[PDB]
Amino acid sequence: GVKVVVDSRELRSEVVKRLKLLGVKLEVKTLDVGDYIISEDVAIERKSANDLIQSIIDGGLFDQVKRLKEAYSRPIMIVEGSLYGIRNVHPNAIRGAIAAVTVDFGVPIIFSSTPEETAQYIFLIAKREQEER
């Protein structure tokens, strides 16, 4: 039985449904930053491909990552959905953003195809955290 804190806004998501099916014990809180907290250091920010693209368009992505890093020593970003075929932005803009966050800011960016996969990632990371704590 792994324990994960979930931000109130994610409560009725399909991610939460899968986490519950996986046996995760969820504690609800309204977080200023982050969507799923695994430990005092590990926090996960769930972001749809569309919202990632929008944050690049509006130039707010880096402020977002900064806020995550300042709140957690080991933040993780799970980008959910395909980033391909999503016009309104040159591929280099998306690639450049990804490279900046992962290599410069040092914040891992794990890609998920569905909310279920996002839950599976949260679950496996939380399980490792529990076993290693």
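Numbers for residues come from their place in the sequence shown, where the first is 1.
As the entry records it, the average C-alpha temperature factor is higher for 8-16, out of 8-16 and 117-125. Looking at mean Cα B-factors across 81-89 and 47-55, the upper value is held by 81-89. Among the modelled residues of the chain, residue 107 sits in the middle third by CA temperature factor in this PDB entry. Placement of the Cα temperature factor of residue 66 within the chain: middle third of the modelled residues, per the deposited record.
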